[PDB]
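Q: Provided hereafter are the protein sequence and its experimental coordinates.
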Amino acid sequence: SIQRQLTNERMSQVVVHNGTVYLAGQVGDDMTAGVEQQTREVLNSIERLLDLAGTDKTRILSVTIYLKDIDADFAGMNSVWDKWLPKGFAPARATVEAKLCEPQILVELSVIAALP
Amino acid sequence: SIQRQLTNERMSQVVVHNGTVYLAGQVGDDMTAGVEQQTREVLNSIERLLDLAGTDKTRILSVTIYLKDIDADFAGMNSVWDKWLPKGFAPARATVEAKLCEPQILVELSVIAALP
Amino acid sequence: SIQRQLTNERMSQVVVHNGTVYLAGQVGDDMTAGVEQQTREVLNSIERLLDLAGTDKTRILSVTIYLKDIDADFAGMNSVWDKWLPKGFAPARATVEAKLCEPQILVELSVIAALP
């Protein structure tokens, strides 16, 4: 049916429904760091959540990327993103400017993936 | 196949495909009210649409929340959101700042849910 | 399983999983043009991608529309959008203000569709 993982009153980090994995929005850990390091931390977090969900980063379907300042940080975010996935397995992607819930958060990813 | 409900030339409020429910973006009713009351009105609207789609608020998979001013209204929106769903059934969630189509609209939700 | 089309290191334009089509974010071609012409170009691009994915514009499930300036361009975007699809087949829709990766880009669409 529906499986939920890492749940509190506000959200589940992982929701799995009929083979599709929906992740809560993910942000980085170090609030003093630039967009490159925050993006690395986001991608590490996503990998951990995909492990728990029962899939892996070659089965990502669609990612929406929110940047606090797209003019400042698009290129730095891309420099990390473009190295993340094996060639041939990149998902659909969309990248837009939207402030996150704290001013030090420079990047947030919303991920949809697939179970094997 | 695909079922559509509450359809005009621009959008359907409800689209159901192979067990997944996609709702049009939902906003509140009272444009003079604060983010808490607008969020309550949004959640009521979502519940009505889920009723029509054939599911309920314990089967929500992923919600993206847009706030006109995330610094001003994140906490007020959360105060309503956090009370909405039974413990254990919260969906994936992402919350970002994006202006809605009228300046008095403080919050808009995009919902993906599942049929039983 | 998962089919990917028009793939580079950063993204696939088309990802198909278990009957659901996820498109990469689409923008227009003419950066000097207004939101109406850019929206037309976006919709043409979407139609080409849906052709490749094996579906068509009457099987769109959900679209999120990002506008650089929602106050300026909501109405112009709508004037094109509202004419696009046969009556009765409109998807779920959400429209918000989010800057795209270049200042001349006025509109970007993220599309989820269904295979027949």
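A: That came through, no problem. Numbering: from 1, shown residues only, chains lettered A, B, ... in the order given.
Q: put the alpha carbons of stretch A:29-42 into PDB.
A: Extracted as PDB, the C-alpha positions of stretch A:29-42 are listed here (Å, rounded to 0.1, in the frame of the first residue of the first chain):
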ATOM      1  CA  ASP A  29      23.900  20.400   7.300                       C
ATOM      2  CA  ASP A  30      26.500  23.200   7.400                       C
ATOM      3  CA  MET A  31      24.700  26.500   7.400                       C
ATOM      4  CA  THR A  32      27.900  28.500   7.100                       C
ATOM      5  CA  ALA A  33      29.100  26.800   4.000                       C
ATOM      6  CA  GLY A  34      28.700  27.700   0.300                       C
ATOM      7  CA  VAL A  35      26.200  26.100  -2.100                       C
ATOM      8  CA  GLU A  36      28.700  23.400  -3.300                       C
ATOM      9  CA  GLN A  37      29.200  21.900   0.200                       C
ATOM     10  CA  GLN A  38      25.500  22.200   1.000                       C
ATOM     11  CA  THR A  39      24.600  20.500  -2.200                       C
ATOM     12  CA  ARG A  40      27.000  17.600  -1.400                       C
ATOM     13  CA  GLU A  41      25.400  17.300   2.000                       C
ATOM     14  CA  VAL A  42      21.900  17.200   0.400                       C
END
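Q: tell me the gap between it and the middle of its chain.
A: 12 Å (C-alpha atoms, centre = their mean, to the nearest Å).
Q: residue A:39 and chain B, how far apart?
A: 16 Å (C-beta to the nearest C-beta, to the nearest Å). (C-beta placed from N, C-alpha, C; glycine too.)
Q: that residue contacts residue A:28, doesn't it?
A: Yes - with contact defined as C-beta atoms under 8 Å, residue A:39 reaches residue A:28; the gap is 7.1 Å.
Q: give me phi/psi at whichever residue of chain A sits closest to chain B?
A: The minimum distance from chain A to chain B, using C-beta to the nearest C-beta, falls at residue A:25 (3.1 Å). Here is the backbone geometry of residue A:25 (degrees, to the nearest 10): phi -60, psi 140.
Q: ok, it touching residue B:91?
A: No - applying C-beta under 8 Å as the test, residue A:25 and residue B:91 come out as separate, 11.5 Å apart.
Q: the more surrounded of the two?
A: residue B:91 (26 against 23; other C-beta atoms under 10 Å in any protein chain shown).
Q: separation between the more buried one and residue A:44?
A: 23 Å (C-beta to C-beta, to the nearest Å).
Q: all strands for chain A, in order.
A: A:2-7, A:12-17, A:20-23, A:26-27, A:60-67, A:92-97, A:107-114 (DSSP state E).
Q: residue A:115 reaches residue A:54, doesn't it?
A: Yes - Residue A:115 is in contact with residue A:54 according to C-beta under 8 Å; the separation is 5.6 Å.
Q: what sits in contact with each of those two?
A: Residues touching both residue A:115 and residue A:54 (C-beta atoms under 8 Å, 6 or more residues apart in numbering or on different chains) are A:16, A:21.
Q: looking at those two now, which is surrounded by more residues?
A: Using other C-beta under 10 Å as the criterion, residue A:115 and residue A:54 rank with residue A:115 on top: 18 against 15.
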